[PDB]
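Q: File coords.tsv follows (TSV, C-alpha atoms and all ligand atoms):
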chain	number	residue	atom	x	y	z
Z	19	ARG	CA	0.00	0.00	0.00
Z	20	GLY	CA	1.16	3.54	-0.89
Z	21	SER	CA	3.85	2.73	-3.47
Z	22	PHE	CA	3.34	0.80	-6.74
Z	23	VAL	CA	6.36	1.63	-8.98
Z	24	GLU	CA	5.55	-1.19	-11.47
Z	25	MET	CA	2.10	0.34	-12.24
Z	26	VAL	CA	3.30	3.96	-12.60
Z	27	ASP	CA	3.20	5.12	-16.26
Z	28	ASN	CA	1.25	2.01	-17.43
Z	29	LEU	CA	-1.17	4.16	-19.47
Z	30	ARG	CA	-0.61	5.38	-23.02
Z	31	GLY	CA	-2.61	7.12	-25.76
Z	32	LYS	CA	-2.78	9.84	-28.38
Z	33	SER	CA	-4.68	13.16	-28.16
Z	34	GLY	CA	-8.43	12.72	-28.63
Z	35	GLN	CA	-8.16	8.90	-28.64
Z	36	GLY	CA	-8.26	7.88	-24.96
Z	37	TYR	CA	-6.13	6.14	-22.37
Z	38	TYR	CA	-5.26	2.47	-22.76
Z	39	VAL	CA	-3.53	-0.18	-20.66
Z	40	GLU	CA	-1.72	-3.27	-21.91
Z	41	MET	CA	-3.56	-6.51	-21.09
Z	42	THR	CA	-3.16	-10.20	-21.94
Z	43	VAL	CA	-5.99	-12.61	-22.77
Z	44	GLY	CA	-5.90	-16.42	-23.12
Z	45	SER	CA	-3.26	-19.16	-22.88
Z	46	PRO	CA	-0.62	-18.60	-24.24
Z	47	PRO	CA	-1.10	-14.84	-23.50
Z	48	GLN	CA	-2.32	-12.61	-26.34
Z	49	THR	CA	-1.28	-8.96	-25.89
Z	50	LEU	CA	-3.93	-6.25	-26.44
Z	51	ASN	CA	-4.17	-2.51	-25.80
Z	52	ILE	CA	-7.37	-1.79	-23.91
Z	53	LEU	CA	-9.13	1.56	-23.34
Z	54	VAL	CA	-9.64	2.34	-19.63
Z	55	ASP	CA	-13.33	3.16	-19.19
Z	56	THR	CA	-15.02	4.00	-15.87
Z	57	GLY	CA	-18.23	4.84	-17.82
Z	58	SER	CA	-19.21	1.30	-18.85
Z	59	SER	CA	-19.06	-2.25	-17.42
Z	60	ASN	CA	-18.16	-4.72	-20.22
Z	61	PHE	CA	-14.78	-6.16	-21.03
Z	62	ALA	CA	-15.13	-6.24	-24.82
Z	63	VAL	CA	-12.33	-6.87	-27.33
Z	64	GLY	CA	-11.92	-7.00	-31.11
Z	65	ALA	CA	-12.00	-10.66	-32.21
Z	66	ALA	CA	-12.11	-10.28	-36.01
Z	67	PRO	CA	-9.81	-8.59	-38.60
Z	68	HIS	CA	-11.42	-5.14	-38.74
Z	69	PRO	CA	-9.02	-3.05	-40.94
Z	70	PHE	CA	-8.61	-0.42	-38.15
Z	71	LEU	CA	-7.22	-2.99	-35.68
Z	72	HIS	CA	-3.52	-3.59	-34.96
Z	73	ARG	CA	-4.48	-6.97	-33.50
Z	74	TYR	CA	-7.45	-8.95	-32.18
Z	75	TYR	CA	-8.40	-11.78	-29.85
Z	76	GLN	CA	-8.01	-15.15	-31.59
Z	77	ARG	CA	-10.08	-17.55	-29.47
Z	78	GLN	CA	-8.92	-20.61	-31.48
Z	79	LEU	CA	-5.36	-20.06	-30.11
Z	80	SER	CA	-6.41	-20.15	-26.43
Z	81	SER	CA	-6.54	-23.47	-24.54
Z	82	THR	CA	-8.32	-21.82	-21.57
Z	83	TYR	CA	-11.10	-20.17	-23.60
Z	84	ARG	CA	-14.65	-21.18	-22.57
Z	85	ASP	CA	-17.72	-20.43	-24.69
Z	86	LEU	CA	-20.78	-19.00	-22.89
Z	87	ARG	CA	-22.96	-19.71	-25.99
Z	88	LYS	CA	-24.58	-16.26	-25.78
Z	89	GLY	CA	-24.47	-13.16	-27.96
Z	90	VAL	CA	-24.66	-9.48	-26.99
Z	91	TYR	CA	-25.66	-6.43	-29.06
Z	92	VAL	CA	-24.58	-3.04	-27.65
Z	93	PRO	CA	-25.93	0.08	-29.38
Z	94	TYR	CA	-24.59	3.46	-28.25
Z	95	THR	CA	-26.11	6.85	-29.13
Z	96	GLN	CA	-23.74	7.00	-32.14
Z	97	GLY	CA	-21.83	3.68	-32.40
Z	98	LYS	CA	-22.51	-0.05	-32.00
Z	99	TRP	CA	-20.77	-3.35	-31.38
Z	100	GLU	CA	-21.95	-6.96	-31.37
Z	101	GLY	CA	-20.12	-9.85	-29.74
Z	102	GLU	CA	-19.99	-13.42	-28.53
Z	103	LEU	CA	-19.64	-13.99	-24.80
Z	104	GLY	CA	-17.01	-16.21	-23.25
Z	105	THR	CA	-14.53	-16.45	-20.40
Z	106	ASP	CA	-10.76	-16.67	-20.44
Z	107	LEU	CA	-7.64	-16.00	-18.37
Z	108	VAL	CA	-6.76	-12.31	-18.20
Z	109	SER	CA	-3.73	-10.53	-16.74
Z	110	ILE	CA	-2.34	-6.98	-16.71
Z	111	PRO	CA	1.46	-7.05	-17.37
Z	112	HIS	CA	2.02	-3.66	-15.68
Z	113	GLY	CA	-0.58	-4.31	-12.96
Z	114	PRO	CA	-0.81	-6.84	-10.09
Z	115	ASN	CA	0.99	-10.18	-10.49
Z	116	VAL	CA	-2.27	-12.19	-10.79
Z	117	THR	CA	-4.40	-14.03	-13.38
Z	118	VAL	CA	-8.21	-13.92	-13.35
Z	119	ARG	CA	-10.91	-15.81	-15.27
Z	120	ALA	CA	-12.98	-12.97	-16.67
Z	121	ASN	CA	-15.95	-12.45	-18.95
Z	122	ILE	CA	-14.86	-11.37	-22.44
Z	123	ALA	CA	-17.16	-10.10	-25.17
Z	124	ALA	CA	-15.53	-11.15	-28.45
Z	125	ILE	CA	-16.45	-8.35	-30.88
Z	126	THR	CA	-17.53	-9.77	-34.24
Z	127	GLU	CA	-19.30	-6.73	-35.77
Z	128	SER	CA	-19.04	-3.00	-35.02
Z	129	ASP	CA	-19.87	0.44	-36.38
Z	130	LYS	CA	-18.28	3.77	-35.37
Z	131	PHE	CA	-16.67	1.96	-32.45
Z	132	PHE	CA	-13.00	1.40	-33.28
Z	133	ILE	CA	-11.12	4.59	-34.23
Z	134	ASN	CA	-9.20	4.71	-37.52
Z	135	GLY	CA	-5.59	5.37	-36.47
Z	136	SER	CA	-5.97	4.46	-32.78
Z	137	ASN	CA	-3.72	1.96	-30.96
Z	138	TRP	CA	-6.36	0.16	-28.84
Z	139	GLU	CA	-8.38	-2.98	-29.70
Z	140	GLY	CA	-10.79	-3.23	-26.77
Z	141	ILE	CA	-12.48	-1.52	-23.83
Z	142	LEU	CA	-12.19	-2.29	-20.11
Z	143	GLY	CA	-15.49	-1.31	-18.53
Z	144	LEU	CA	-14.68	-0.53	-14.89
Z	145	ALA	CA	-18.17	0.42	-13.66
Z	146	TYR	CA	-20.71	-1.84	-11.91
Z	147	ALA	CA	-22.80	-4.89	-12.95
Z	148	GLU	CA	-26.10	-2.92	-13.08
Z	149	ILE	CA	-25.10	-1.37	-16.46
Z	150	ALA	CA	-23.32	-4.45	-17.88
Z	151	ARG	CA	-24.73	-5.89	-21.13
Z	152	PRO	CA	-26.84	-8.00	-21.66
Z	153	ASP	CA	-27.69	-7.73	-17.91
Z	154	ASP	CA	-26.30	-7.55	-14.35
Z	155	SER	CA	-25.52	-11.30	-14.23
Z	156	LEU	CA	-22.46	-10.73	-16.47
Z	157	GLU	CA	-19.79	-10.07	-13.83
Z	158	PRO	CA	-17.53	-7.10	-14.78
Z	159	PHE	CA	-13.75	-7.57	-14.89
Z	160	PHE	CA	-12.94	-5.72	-11.65
Z	161	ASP	CA	-15.55	-7.71	-9.71
Z	162	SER	CA	-13.92	-10.92	-11.03
Z	163	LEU	CA	-10.47	-9.59	-10.09
Z	164	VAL	CA	-11.49	-8.78	-6.48
Z	165	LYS	CA	-13.47	-12.04	-5.99
Z	166	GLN	CA	-10.66	-14.28	-7.31
Z	167	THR	CA	-7.56	-12.58	-5.80
Z	168	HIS	CA	-6.39	-10.65	-2.71
Z	169	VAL	CA	-6.28	-7.35	-4.69
Z	170	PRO	CA	-8.10	-4.67	-2.58
Z	171	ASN	CA	-11.42	-3.36	-3.90
Z	172	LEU	CA	-10.04	-0.02	-5.14
Z	173	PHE	CA	-8.30	1.44	-8.18
Z	174	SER	CA	-6.96	4.91	-8.97
Z	175	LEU	CA	-6.36	6.89	-12.15
Z	176	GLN	CA	-3.92	9.62	-13.05
Z	177	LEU	CA	-4.68	10.73	-16.62
Z	178	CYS	CA	-1.97	13.11	-17.78
Z	179	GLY	CA	-2.66	14.55	-21.26
Z	180	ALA	CA	-1.10	17.30	-23.44
Z	192	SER	CA	0.78	11.52	-27.20
Z	193	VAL	CA	-0.55	11.18	-23.63
Z	194	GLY	CA	0.24	9.06	-20.55
Z	195	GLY	CA	-0.64	8.25	-16.96
Z	196	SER	CA	-1.15	5.55	-14.35
Z	197	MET	CA	-3.78	3.04	-13.41
Z	198	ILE	CA	-2.98	1.84	-9.89
Z	199	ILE	CA	-4.91	-1.41	-9.42
Z	200	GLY	CA	-5.68	-2.25	-5.77
Z	201	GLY	CA	-4.03	0.85	-4.32
Z	202	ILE	CA	-3.03	4.49	-4.17
Z	203	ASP	CA	0.41	5.84	-5.13
Z	204	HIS	CA	1.11	9.00	-3.10
Z	205	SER	CA	3.72	10.29	-5.58
Z	206	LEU	CA	0.90	10.82	-8.14
Z	207	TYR	CA	-0.73	13.72	-6.27
Z	208	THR	CA	-0.07	16.81	-4.12
Z	209	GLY	CA	-2.04	17.95	-1.04
Z	210	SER	CA	-4.90	15.90	0.39
Z	211	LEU	CA	-7.43	13.57	-1.18
Z	212	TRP	CA	-11.04	14.69	-0.73
Z	213	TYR	CA	-13.82	12.10	-1.01
Z	214	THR	CA	-17.31	12.30	-2.49
Z	215	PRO	CA	-19.85	9.47	-1.95
Z	216	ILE	CA	-20.71	7.10	-4.78
Z	217	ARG	CA	-24.47	7.78	-4.71
Z	218	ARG	CA	-25.38	4.46	-6.36
Z	219	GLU	CA	-23.26	1.62	-7.73
Z	220	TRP	CA	-24.11	1.54	-11.46
Z	221	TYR	CA	-22.13	4.29	-13.13
Z	222	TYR	CA	-19.68	6.02	-10.79
Z	223	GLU	CA	-22.48	8.39	-9.83
Z	224	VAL	CA	-21.71	11.54	-7.82
Z	225	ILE	CA	-23.60	14.67	-6.67
Z	226	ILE	CA	-22.56	18.21	-7.69
Z	227	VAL	CA	-23.87	20.76	-5.17
Z	228	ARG	CA	-22.51	24.07	-6.55
Z	229	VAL	CA	-20.94	25.39	-9.77
Z	230	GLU	CA	-18.67	28.44	-10.07
Z	231	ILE	CA	-17.04	30.18	-13.04
Z	232	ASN	CA	-14.09	32.30	-11.82
Z	233	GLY	CA	-15.52	32.14	-8.27
Z	234	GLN	CA	-18.92	33.38	-9.47
Z	235	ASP	CA	-21.80	31.07	-8.51
Z	236	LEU	CA	-24.21	29.99	-11.30
Z	237	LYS	CA	-27.04	30.23	-8.68
Z	238	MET	CA	-29.12	27.45	-10.28
Z	239	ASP	CA	-31.23	24.87	-8.41
Z	240	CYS	CA	-28.59	22.22	-7.71
Z	241	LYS	CA	-30.91	19.47	-9.07
Z	242	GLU	CA	-30.17	20.97	-12.51
Z	243	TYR	CA	-26.46	20.06	-12.05
Z	244	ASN	CA	-27.39	16.37	-11.65
Z	245	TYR	CA	-30.29	16.03	-14.11
Z	246	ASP	CA	-30.61	13.13	-14.60
Z	247	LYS	CA	-27.24	12.01	-13.11
Z	248	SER	CA	-23.61	13.09	-12.68
Z	249	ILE	CA	-20.87	10.55	-13.43
Z	250	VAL	CA	-17.07	10.18	-13.44
Z	251	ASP	CA	-16.08	8.80	-16.83
Z	252	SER	CA	-12.52	8.16	-18.09
Z	253	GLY	CA	-14.10	7.06	-21.41
Z	254	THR	CA	-15.52	10.49	-22.28
Z	255	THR	CA	-13.37	13.39	-23.49
Z	256	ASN	CA	-15.58	16.35	-22.57
Z	257	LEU	CA	-16.97	17.89	-19.46
Z	258	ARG	CA	-20.59	17.37	-20.46
Z	259	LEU	CA	-23.20	19.49	-18.68
Z	260	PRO	CA	-27.03	19.34	-18.69
Z	261	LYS	CA	-28.44	21.67	-21.38
Z	262	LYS	CA	-29.74	24.30	-18.91
Z	263	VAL	CA	-26.45	24.27	-16.96
Z	264	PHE	CA	-24.35	24.46	-20.15
Z	265	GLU	CA	-26.36	27.53	-21.26
Z	266	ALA	CA	-25.70	29.35	-17.97
Z	267	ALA	CA	-22.05	28.17	-17.87
Z	268	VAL	CA	-21.30	29.34	-21.44
Z	269	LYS	CA	-23.04	32.71	-20.78
Z	270	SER	CA	-20.77	33.17	-17.74
Z	271	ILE	CA	-17.62	31.90	-19.57
Z	272	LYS	CA	-18.37	34.32	-22.48
Z	273	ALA	CA	-18.70	37.26	-20.04
Z	274	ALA	CA	-15.50	36.41	-18.13
Z	275	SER	CA	-13.59	36.01	-21.44
Z	276	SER	CA	-14.94	39.30	-22.94
Z	277	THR	CA	-11.39	40.66	-23.73
Z	278	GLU	CA	-11.53	38.66	-27.00
Z	279	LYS	CA	-14.65	37.82	-29.05
Z	280	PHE	CA	-15.24	34.40	-30.64
Z	281	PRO	CA	-17.91	33.04	-33.04
Z	282	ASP	CA	-20.98	31.36	-31.49
Z	283	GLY	CA	-20.07	28.06	-33.22
Z	284	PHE	CA	-16.84	27.77	-31.19
Z	285	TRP	CA	-18.81	27.70	-27.91
Z	286	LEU	CA	-21.11	25.03	-29.39
Z	287	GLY	CA	-18.12	22.93	-30.58
Z	288	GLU	CA	-19.23	23.40	-34.20
Z	289	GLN	CA	-15.94	25.07	-35.19
Z	290	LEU	CA	-12.37	25.29	-33.89
Z	291	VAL	CA	-10.48	28.45	-32.91
Z	292	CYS	CA	-6.80	28.79	-33.84
Z	293	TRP	CA	-3.92	30.95	-32.54
Z	294	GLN	CA	-0.28	31.54	-33.53
Z	295	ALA	CA	2.04	29.00	-31.84
Z	296	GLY	CA	2.97	29.62	-28.18
Z	297	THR	CA	0.54	32.56	-27.96
Z	298	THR	CA	-2.68	31.03	-26.52
Z	299	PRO	CA	-4.21	33.62	-24.14
Z	300	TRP	CA	-5.06	31.19	-21.28
Z	301	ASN	CA	-5.50	34.08	-18.83
Z	302	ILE	CA	-8.46	35.47	-20.83
Z	303	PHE	CA	-10.32	32.22	-20.00
Z	304	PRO	CA	-11.89	31.55	-16.54
Z	305	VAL	CA	-11.45	28.68	-14.06
Z	306	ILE	CA	-14.35	26.26	-13.51
Z	307	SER	CA	-15.24	24.91	-10.08
Z	308	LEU	CA	-17.46	21.99	-9.16
Z	309	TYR	CA	-18.44	21.55	-5.52
Z	310	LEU	CA	-19.01	17.89	-4.72
Z	311	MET	CA	-20.98	16.36	-1.84
Z	312	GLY	CA	-18.59	15.68	1.05
Z	313	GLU	CA	-18.32	12.69	3.36
Z	314	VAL	CA	-20.04	14.54	6.22
Z	315	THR	CA	-23.54	16.09	6.48
Z	316	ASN	CA	-23.52	19.76	5.37
Z	317	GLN	CA	-19.86	19.46	4.26
Z	318	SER	CA	-18.57	19.81	0.68
Z	319	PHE	CA	-15.31	20.34	-1.20
Z	320	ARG	CA	-14.43	22.12	-4.44
Z	321	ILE	CA	-12.50	20.92	-7.50
Z	322	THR	CA	-11.17	23.55	-9.93
Z	323	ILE	CA	-9.98	23.14	-13.54
Z	324	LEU	CA	-8.14	25.48	-15.90
Z	325	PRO	CA	-8.54	26.33	-19.64
Z	326	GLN	CA	-5.57	23.95	-20.11
Z	327	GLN	CA	-8.12	21.22	-19.32
Z	328	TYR	CA	-11.22	22.43	-21.23
Z	329	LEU	CA	-9.59	24.01	-24.31
Z	330	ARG	CA	-8.10	20.98	-26.03
Z	331	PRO	CA	-5.47	21.02	-28.82
Z	332	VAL	CA	-6.56	19.60	-32.18
Z	333	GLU	CA	-3.28	18.58	-33.85
Z	334	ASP	CA	-4.69	16.88	-36.98
Z	335	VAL	CA	-5.82	20.07	-38.80
Z	336	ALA	CA	-4.38	19.79	-42.34
Z	337	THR	CA	-6.05	23.02	-43.56
Z	338	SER	CA	-4.32	25.20	-40.89
Z	339	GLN	CA	-0.67	25.93	-39.98
Z	340	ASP	CA	-1.65	27.46	-36.60
Z	341	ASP	CA	-2.45	25.86	-33.19
Z	342	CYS	CA	-6.18	25.00	-33.12
Z	343	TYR	CA	-8.39	24.23	-30.11
Z	344	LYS	CA	-11.74	22.55	-29.43
Z	345	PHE	CA	-13.99	23.91	-26.68
Z	346	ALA	CA	-14.46	20.70	-24.73
Z	347	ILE	CA	-17.38	21.66	-22.52
Z	348	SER	CA	-20.60	20.53	-24.18
Z	349	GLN	CA	-24.34	20.15	-23.64
Z	350	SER	CA	-25.76	16.81	-22.52
Z	351	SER	CA	-29.07	14.94	-22.32
Z	352	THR	CA	-27.58	12.17	-20.14
Z	353	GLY	CA	-26.61	14.44	-17.19
Z	354	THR	CA	-23.17	15.72	-16.13
Z	355	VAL	CA	-20.24	13.70	-17.44
Z	356	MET	CA	-16.94	14.38	-15.70
Z	357	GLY	CA	-14.74	13.16	-18.55
Z	358	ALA	CA	-11.05	13.65	-19.35
Z	359	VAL	CA	-11.52	17.46	-19.11
Z	360	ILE	CA	-12.06	16.95	-15.34
Z	361	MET	CA	-9.92	13.84	-14.72
Z	362	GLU	CA	-6.74	15.25	-16.35
Z	363	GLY	CA	-6.60	17.86	-13.55
Z	364	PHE	CA	-6.74	15.26	-10.78
Z	365	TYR	CA	-5.59	12.01	-9.26
Z	366	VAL	CA	-8.89	10.13	-8.92
Z	367	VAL	CA	-9.38	7.28	-6.43
Z	368	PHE	CA	-12.23	4.86	-7.13
Z	369	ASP	CA	-12.63	3.57	-3.59
Z	370	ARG	CA	-15.21	0.85	-4.28
Z	371	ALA	CA	-14.69	-0.77	-0.84
Z	372	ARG	CA	-15.94	2.44	0.83
Z	373	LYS	CA	-18.39	3.57	-1.91
Z	374	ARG	CA	-16.52	6.86	-2.42
Z	375	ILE	CA	-14.43	8.73	-5.01
Z	376	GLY	CA	-11.29	10.63	-3.96
Z	377	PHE	CA	-9.93	13.71	-5.74
Z	378	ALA	CA	-6.48	15.30	-5.32
Z	379	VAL	CA	-4.41	17.74	-7.42
Z	380	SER	CA	-2.60	15.66	-10.07
Z	381	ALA	CA	1.20	15.77	-9.98
Z	382	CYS	CA	1.10	15.66	-13.82
Z	383	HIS	CA	-1.71	18.13	-14.72
Z	384	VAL	CA	-1.08	20.86	-17.33
Z	385	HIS	CA	-0.99	24.38	-15.84
Z	386	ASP	CA	0.87	27.75	-15.98
Z	387	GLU	CA	2.78	30.11	-13.63
Z	388	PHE	CA	-0.36	32.00	-12.51
Z	389	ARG	CA	-2.96	29.25	-11.99
Z	390	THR	CA	-3.08	25.61	-10.86
Z	391	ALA	CA	-5.88	23.00	-10.72
Z	392	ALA	CA	-7.14	22.78	-7.12
Z	393	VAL	CA	-8.95	20.57	-4.61
Z	394	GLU	CA	-10.10	22.59	-1.58
Z	395	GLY	CA	-12.25	22.09	1.52
Z	396	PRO	CA	-14.15	21.98	3.70
Z	397	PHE	CA	-17.11	24.17	2.68
Z	398	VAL	CA	-20.51	24.48	4.35
Z	399	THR	CA	-23.27	23.43	1.92
Z	400	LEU	CA	-26.85	22.76	3.04
Z	401	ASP	CA	-29.55	20.57	1.38
Z	402	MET	CA	-26.98	18.54	-0.62
Z	403	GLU	CA	-29.35	15.52	-0.63
Z	404	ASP	CA	-31.89	17.68	-2.54
Z	405	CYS	CA	-29.30	18.06	-5.35
Z	406	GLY	CA	-29.69	14.41	-6.41
Z	407	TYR	CA	-32.30	13.65	-9.08
Z	408	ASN	CA	-35.08	11.12	-8.45
Z	501	LIG	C1	-20.69	6.34	-25.77
Z	501	LIG	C2	-19.35	5.99	-25.10
Z	501	LIG	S1	-18.94	6.80	-23.51
Z	501	LIG	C3	-17.89	5.58	-22.63
Z	501	LIG	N1	-17.58	6.07	-21.37
Z	501	LIG	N2	-17.50	4.44	-23.14
Z	501	LIG	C4	-17.85	3.93	-24.53
Z	501	LIG	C5	-17.77	2.38	-24.35
Z	501	LIG	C6	-16.80	4.38	-25.57
Z	501	LIG	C7	-15.82	5.31	-25.24
Z	501	LIG	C8	-14.84	5.77	-26.11
Z	501	LIG	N3	-13.93	6.74	-25.64
Z	501	LIG	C9	-12.90	7.43	-26.26
Z	501	LIG	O1	-12.63	7.19	-27.43
Z	501	LIG	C10	-12.09	8.47	-25.53
Z	501	LIG	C11	-11.25	9.42	-26.14
Z	501	LIG	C12	-10.57	10.36	-25.32
Z	501	LIG	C13	-10.73	10.37	-23.90
Z	501	LIG	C14	-11.62	9.39	-23.38
Z	501	LIG	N4	-12.27	8.48	-24.15
Z	501	LIG	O2	-10.07	11.25	-23.12
Z	501	LIG	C15	-8.89	11.87	-23.66
Z	501	LIG	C16	-9.23	12.39	-25.06
Z	501	LIG	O3	-9.71	11.29	-25.89
Z	501	LIG	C17	-14.87	5.23	-27.44
Z	501	LIG	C18	-15.83	4.29	-27.84
Z	501	LIG	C19	-16.81	3.85	-26.92
Z	501	LIG	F1	-17.67	2.97	-27.35
Z	501	LIG	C20	-19.25	4.44	-25.02
Z	501	LIG	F2	-20.27	4.07	-24.10
Write out the structure in this file as structure tokens.
Ligand SMILES: C[C@H]1SC(N)=N[C@](C)(c2cc(NC(=O)c3cc4c(cn3)OCCO4)ccc2F)[C@H]1F

A:
Amino acid sequence: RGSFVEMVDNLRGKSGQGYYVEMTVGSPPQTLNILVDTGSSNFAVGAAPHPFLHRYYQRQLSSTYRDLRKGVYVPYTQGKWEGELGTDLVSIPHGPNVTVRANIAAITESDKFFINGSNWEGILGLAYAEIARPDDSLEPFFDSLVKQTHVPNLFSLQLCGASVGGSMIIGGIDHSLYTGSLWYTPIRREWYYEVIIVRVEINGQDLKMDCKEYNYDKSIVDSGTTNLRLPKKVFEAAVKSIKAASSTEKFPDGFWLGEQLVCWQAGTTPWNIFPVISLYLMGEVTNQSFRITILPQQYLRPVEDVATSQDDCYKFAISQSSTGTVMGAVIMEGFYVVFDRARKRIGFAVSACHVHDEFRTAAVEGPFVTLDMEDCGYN
């Protein structure tokens, strides 16, 4: 506990493409790069020669593969994948020295799922059984890992960003990955990693909305989403405030809606024109909260693949949502995040690797006095 040198820097990725960990499946071990995803609950891997894939799971080569004789069809809002369920032996080379028999969805058909040019071939769904497909009887990977081994029921994520890197500490916390203290928010319900936001500030200025709006219909912590996604009404108020605070320069309306990029000359991004964003999260104690604060370095994201521009272009990575608040990479890149499943709580601390400048730093601060925090949750 406390120090896990072998798991430090076990995450890789490229801008806009996610964070993946190396895993092995089957006997003899087949190496795959697997997207780390706290926003879903299936372990699902490419199993057929899709042209976008560097490699795929070849079940015929595994002596320990067991067929579950069941299919699964998983439609997303935009993409889809279809697979055949089975179990096999799974290990994480730069994780704990253990081997687990886990459920694997062998992906046999997909659409808009794999990314052309990405270096991952599967997704590790780290959330709970309640949102696993086809149903909650398909035990998620981490549940299998904890049941079958002596690995503690906790993992932590340091997502670094701006090619990317970071650490997934399985079964522990590594104190070198953060500064200051961890502050914990309760996991409201074990399905997604659901949390409650009690207050929102832009540059210290309160949005003054009914706090139910912040969590309509839920708020989640999701390593598998890029953006900070906010409920439509909250996004409207947030953008209005961000526009006002950033009034020194004017931008087209499309930029704020993520419909167009905005570009600047290299090394001349005016970060200081853009405001900080603070989310107050429900604390561990009645009437107690804490505040997490991100910078423009988190929410204005570089787009490097612009062939029609020589300048440095950025995507506004705060967007409107119909699925509630999503605390994606925009949030998580500022922080070391502890998914303390054993105690049904999520810890936040300032990330030792977060991108900042000489004037401002991402922050985790408390305690604050906040009343009626239970009323902020949507029912
Ligand atoms: C709808 C999503 S949300 C979801 N949570 N999981 C599913 C399993 C899903 C996710 C992804 N994610 C990414 O590609 C990606 C990219 C990032 C990034 C994070 N994630 O942060 C740094 C910048 O780039 C891709 C496919 C996919 F199916 C879906 F449920």

Q: Pick out the residues sitting within 6 Å of range 371-388 of chain Z, and hand them over as a list in words; count only C-alpha atoms, and ignore anything fewer than 4 positions along from it in its own chain.

A: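 Listing them by chain and then by number gives residues 171, 178, 206, 207, 208, 210, 211, 212, 213, 214, 215, 216, 363, 364, 365, 366, 367, 392 and 393 of chain Z.
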
Q: Nearest to residue 402 in chain Z: which of Z:91, Z:239, Z:297, Z:258 is it, counting all atoms listed in the file?

A: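 Smallest distance to residue 402 in chain Z is found for Z:239.
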
Q: What is the CA of residue 157 in chain Z to CA of residue 57 in chain Z distance in Å?

A: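 CA of residue 157 in chain Z sits 15.5 Å away from CA of residue 57 in chain Z.
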
Q: Nearest to residue 224 in chain Z: which of Z:349, Z:354, Z:128, Z:307 is it, counting only C-alpha atoms?

A: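 Selected residue with least distance to residue 224 in chain Z: Z:354.
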
Q: Around all listed atoms of ligand LIG 501 (chain Z), padded 3 Å per side, what centre and edge lengths does the axis-aligned box have in Å to one decimal, as lines of an AutoDock Vina configuration file?

A:
center_x = -14.8
center_y = 7.4
center_z = -24.6
size_x = 17.8
size_y = 16.0
size_z = 12.5

Q: Find the spatial neighbours of residue 121 in chain Z, counting only C-alpha atoms, within a cut-off of 7 Å - ignore same-chain residues fewer than 3 positions away - and output them as a list in words.

A: residues 61, 104, 105, 106, 157, 158 and 159 of chain Z

Q: Which is closer to ligand LIG 501 (chain Z) than all the others in Z:25, Z:150, Z:398, Z:198, using all atoms listed in the file?

A: Z:150

Q: Have a look at CA of residue 173 in chain Z and CA of residue 395 in chain Z and let me know their distance in Å, one decimal.

A: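 If I compute the distance from CA of residue 173 in chain Z to CA of residue 395 in chain Z, I get 23.2 Å.
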
Q: Quick one: residues within 10 Å of residue 237 in chain Z, all atoms listed in the file counted, chain neighbours fewer than 6 positions away excluded, as a PyMOL selection string?

A: chain Z and resi 228-230+266

Q: Using all atoms listed in the file, find the one residue out of Z:45, Z:318, Z:192, Z:115 that sits nearest to ligand LIG 501 (chain Z).

A: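 Closest candidate: Z:192.
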
Q: When distances are computed from only C-alpha atoms and all ligand atoms, which of Z:65, Z:335, Z:147, Z:358 shows the smallest separation from ligand LIG 501 (chain Z)?

A: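 When distances to ligand LIG 501 (chain Z) are compared using only C-alpha atoms and all ligand atoms, the smallest one comes from Z:358.
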
Q: Have a look at Z:359, Z:125, Z:52, Z:110 and name the one nearest to residue 259 in chain Z; count all atoms listed in the file.

A: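 Of Z:359, Z:125, Z:52, Z:110, the one nearest residue 259 in chain Z, counting all atoms listed in the file, is Z:359.
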
Q: Any residue with an atom at most 7 Å from ligand LIG 501 (chain Z) counts, using only C-alpha atoms and all ligand atoms. Which are they? Put them as a PDB file with C-alpha atoms, in the coordinates of the input.

A:
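Written out: part-v8.pdb:
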ATOM      1  CA  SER Z  33      -4.680  13.160 -28.160  1.00  0.00           C
ATOM      2  CA  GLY Z  34      -8.430  12.720 -28.630  1.00  0.00           C
ATOM      3  CA  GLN Z  35      -8.160   8.900 -28.640  1.00  0.00           C
ATOM      4  CA  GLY Z  36      -8.260   7.880 -24.960  1.00  0.00           C
ATOM      5  CA  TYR Z  37      -6.130   6.140 -22.370  1.00  0.00           C
ATOM      6  CA  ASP Z  55     -13.330   3.160 -19.190  1.00  0.00           C
ATOM      7  CA  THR Z  56     -15.020   4.000 -15.870  1.00  0.00           C
ATOM      8  CA  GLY Z  57     -18.230   4.840 -17.820  1.00  0.00           C
ATOM      9  CA  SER Z  58     -19.210   1.300 -18.850  1.00  0.00           C
ATOM     10  CA  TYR Z  94     -24.590   3.460 -28.250  1.00  0.00           C
ATOM     11  CA  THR Z  95     -26.110   6.850 -29.130  1.00  0.00           C
ATOM     12  CA  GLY Z  97     -21.830   3.680 -32.400  1.00  0.00           C
ATOM     13  CA  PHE Z 131     -16.670   1.960 -32.450  1.00  0.00           C
ATOM     14  CA  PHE Z 132     -13.000   1.400 -33.280  1.00  0.00           C
ATOM     15  CA  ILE Z 141     -12.480  -1.520 -23.830  1.00  0.00           C
ATOM     16  CA  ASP Z 251     -16.080   8.800 -16.830  1.00  0.00           C
ATOM     17  CA  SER Z 252     -12.520   8.160 -18.090  1.00  0.00           C
ATOM     18  CA  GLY Z 253     -14.100   7.060 -21.410  1.00  0.00           C
ATOM     19  CA  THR Z 254     -15.520  10.490 -22.280  1.00  0.00           C
ATOM     20  CA  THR Z 255     -13.370  13.390 -23.490  1.00  0.00           C
ATOM     21  CA  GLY Z 357     -14.740  13.160 -18.550  1.00  0.00           C
ATOM     22  CA  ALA Z 358     -11.050  13.650 -19.350  1.00  0.00           C
TER      23      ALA Z 358
END
